[PDB]
């Protein structure tokens, strides 16, 4: 079957160059055009440009022309997208996709899995994990919220589990926010029986692979 395989997530500093790749298989690579599509965080799809790998005929959106270079190497069935000098504003998911064969032009009939590009002057840093202790005032439903604040890390992601995975019901692990410092912060909360707090142990297990950081934090009233 048709596959488009894109290269892995990239974490880069402003001013660095970058070339990402899109490898085709399971079809005649030179028989179809390839497109690149940008998706900035929380935003929509932007058509960037397309290339005919048979002859390297390349078309850019006016918004991206001269800002990125699209190319292809038909001898290895690969299309590329490249920047000579990245900006923090280039932080986005980049999809390659195959243009269908219909006239005159066509929809994108197959899509790569996307390459996440993160551009920041920030450096790798494991988080600090702080408890969000369950309130000492009694609640209306016989339930208490507790949690962990996972602060000042880079880059994404972190994972949070509870009681080594034994507690999964009532957990909310929130999307990270990017602080003005250039470091991320995230909270994970769980709602539990008030009456358990005296006797049941609650530990959040935090993992940040980029910094090889593993933290277990007991959360008590």
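Positions refer to the first chain, counted from 1.
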Mean temperature factor over C-alpha atoms, higher-scoring stretch between 162 to 170 and 34 to 42: 162 to 170
Stretch exceeding the other in mean C-alpha B-factor - 99 to 107, 144 to 152: 144 to 152
Peak C-alpha temperature factor (PDB record), options 71, 136, 89, 77: 136
Most elevated Cα B-factor in the entry, residues 13, 19, 23, 208: 208
Assigned third (lowest, middle, highest) for the C-alpha B factor of residue 157: highest
Chain-relative CA temperature factor third for residue 215: highest
Ranked C-alpha temperature factor of residue 56 among modelled chain residues, by third: lowest
Third assignment of residue 122 from its chain's C-alpha B-factors: highest
Relative C-alpha B-factor of residue 178, binned into the chain's lowest, middle or highest third: highest
